[PDB]
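Down below is the structure, laid out as structure tokens.
There are 2 protein chains.
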Amino acid sequence: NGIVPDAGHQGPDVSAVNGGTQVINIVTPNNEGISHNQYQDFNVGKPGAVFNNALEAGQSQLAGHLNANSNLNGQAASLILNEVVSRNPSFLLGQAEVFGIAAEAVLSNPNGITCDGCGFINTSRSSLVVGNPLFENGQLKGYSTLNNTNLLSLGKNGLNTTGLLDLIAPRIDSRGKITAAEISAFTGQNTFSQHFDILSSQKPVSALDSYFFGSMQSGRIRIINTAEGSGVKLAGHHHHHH
Amino acid sequence: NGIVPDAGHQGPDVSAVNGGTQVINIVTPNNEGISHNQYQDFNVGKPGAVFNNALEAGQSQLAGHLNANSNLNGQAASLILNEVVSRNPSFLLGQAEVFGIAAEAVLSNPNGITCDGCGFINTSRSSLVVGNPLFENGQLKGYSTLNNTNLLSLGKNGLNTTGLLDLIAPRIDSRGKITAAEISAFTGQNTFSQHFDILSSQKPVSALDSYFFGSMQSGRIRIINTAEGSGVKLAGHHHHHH
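Protein sequences appear in the order of chains A and A'. A prime marks a further copy of an entry chain.
The first sequence begins at 30 in the deposited numbering and counts up one residue at a time.
The second sequence begins at 30 in the deposited numbering and counts up one residue at a time.
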């Protein structure tokens, strides 16, 4: 019951295997190739969650045998955008798998995202955005972390993916092992393009320091904190107030 | 007496103000704009060191009034390459200033480099290379950290520069605040171009993990560890053996 779709036209169908692994029959992709899914709640438990991007029945890693997603009509999604539209933060405590055609995946939740033993399967690029998507004339234009001080937290059990990983938030607090083909961590109050080019940056009211403890196992690591007055702190397992 | 030039044709003239701040009259730049200085020892103490890249007398920050460097004939260096050719590691315990025309600066020492409260003044780009420069037909071709397991250590008093910073070594162990316009840390056993493009990478005999504790205050941070079996560990103030 961790994932609760919005009642409107962008809410996908969600069902759970024996109360466990959640399967999301994502909405039909639009002309941009984006399946834009909106949620009142988005949380993944230990048993994980599957985005059904399959045109034929088959074998998912987390859920076993699944039928095709009948919301797709001949064309799978290129980008699976999951947007939390409520005030509820997200907790990711297990794996998220794209079943079927490999895609990019984005979770946006301006209220905060916590990962702890989460990961992304069959994703070419996975992005966790503590912010909102920006739409203009019905097209995705990018993302915004403006006027937001909430946290992308990564816990001691870490985050694993074979694909590219973007960590996009006002601030990050990571305490575990991050594994990805490449890690990009862009922090501060910013607007971004769809590709996470930084388009603009605000000066925050107070410091937005990010903290990293643990390890990073990746081909490339890039970190950019655009907040004035702020930095990137390489922490031990606690950061006590001074 | 921390800096001891080689006796040959690339050894600069070195003198100390009252036994304190060391002033290096760097050798004449070659047709590539490189002043290629070779040393039996290169160490900077608390009072700092000055590379004299000045065509006229003037005011250095660390040493006060200095005469022009008569080794330059009308043309200042573009790149000040400082190569330790002995087995002695380098310790940088104070600031290093380019007096006169802003230049790029490189210290190469395959035996190890330790920074602790060091920094770089009036440098557009400063590179610390635990490795050797590569020359072919008399021209600088790049740098090599191949077949080397030594350490670029950065201590609790940190490293500060207004320019770009490259940290190039088999492994890095940093325990302080690193301040730079941009930080690039490329670790593992590699060959590099003159611009620190990674041209090739070796598989080391044993793990080459790098460790970072402290903080990074920069516009851009990039870290690449090319060593198989190895990672980037975000440490607390100790990393005890497990």
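For every residue, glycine included, the Cβ atom is placed at its ideal position computed from N, Cα and C.
The three-state reading of DSSP puts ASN81 of chain A in strand, counting E and B together. Secondary structure note for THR57 of chain A: it is in no beta strand (DSSP E), with a DSSP letter that is neither H nor E. Taking a beta-carbon distance threshold of 8 Å, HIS266 of chain A counts as an interface residue toward chain A'. Shown here for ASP35 of chain A': same chain residues with a beta carbon closer than 7 Å to its own, the five before and five after excluded, namely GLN67, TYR68, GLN69, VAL114 in chain order. Cβ proximity to chain A below 7 Å picks out nothing from the region 150 to 171 of chain A'. Closest in alpha carbon position to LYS232 of chain A, among A:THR220, A:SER137, A:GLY148, A:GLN39, is A:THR220. Between the C-alpha atoms of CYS144 of chain A' and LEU180 of chain A there is a straight-line separation of about 33 Å. Less than 8 Å divides the Cβ of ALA131 of chain A' from the Cβ of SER153 of chain A'. Secondary structure remark: continuous beta strand (DSSP E) runs of at least 3 residues inside the region 165 to 214 of chain A, in chain order: 168 to 173, 180 to 183, 188 to 190, 193 to 198, 200 to 203, 206 to 209. Contact annotation, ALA209 of chain A' with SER173 of chain A': C-beta distance approximately 23 Å; criterion of less than 8 Å not satisfied. The beta carbon of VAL261 of chain A sits closer than 8 Å to some beta carbon of chain A'. Residue environment: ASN138 of chain A' is assigned as buried (16 or more neighbouring CB atoms within 10 Å of its CB, all protein chains considered).
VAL56 of chain A' and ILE63 of chain A' have their C-alpha atoms spaced approximately 9 Å apart.
For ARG249 of chain A, the closest Cβ of chain A' is nearer than 8 Å. Residue contact with chain A for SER244 of chain A': present (Cβ-Cβ distance below 8 Å to some residue of chain A). Look at the beta carbons and you see the region 191 to 198 of chain A' not touching the region 117 to 126 of chain A': under three pairs across the two are nearer than 8 Å.
CA-CA distance, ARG251 of chain A' to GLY37 of chain A, rounds to 42 Å.
At a C-beta separation below 7 Å, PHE241 of chain A has these neighbours in chain A': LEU263. Take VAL79 of chain A', set aside five residues on each side of it, and the residues of its chain with a beta-carbon closer than 6 Å to its own are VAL52, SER89, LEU91, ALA92, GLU126, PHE128, in chain order. Collapsing the DSSP output to three states places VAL234 of chain A in coil. The C-alpha of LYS206 of chain A lies about 36 Å from the C-alpha of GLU133 of chain A'. Relative to the Cα of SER230 of chain A', the nearest Cα in the group A':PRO199, A':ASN117, A':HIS268 belongs to A':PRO199. For the pair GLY160 of chain A' and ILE197 of chain A', the CB atoms are nearer than the 8 Å cut-off.
With respect to the 8 Å criterion, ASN177 of chain A' and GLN218 of chain A' are classified as neighbours on the basis of their beta carbons. Here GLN104 of chain A' is exposed, its C-beta having fewer than 16 other C-beta atoms within 10 Å. By the CB criterion at 8 Å, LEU237 of chain A and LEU263 of chain A' fall outside the cutoff.
Taking the CA atoms as reference points, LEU175 of chain A' sits about 42 Å from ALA86 of chain A'. The DSSP assignment places no complete run of the alpha helix (DSSP H) inside the region 69 to 125 of chain A (cut-off: 4 residues). Taking all protein chains in view, the Cβ of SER119 of chain A' is crowded by 16 or more other Cβ atoms within 10 Å, so the residue is classified as buried. Bounds of the beta strand (DSSP E) holding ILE252 of chain A are 250 to 254.
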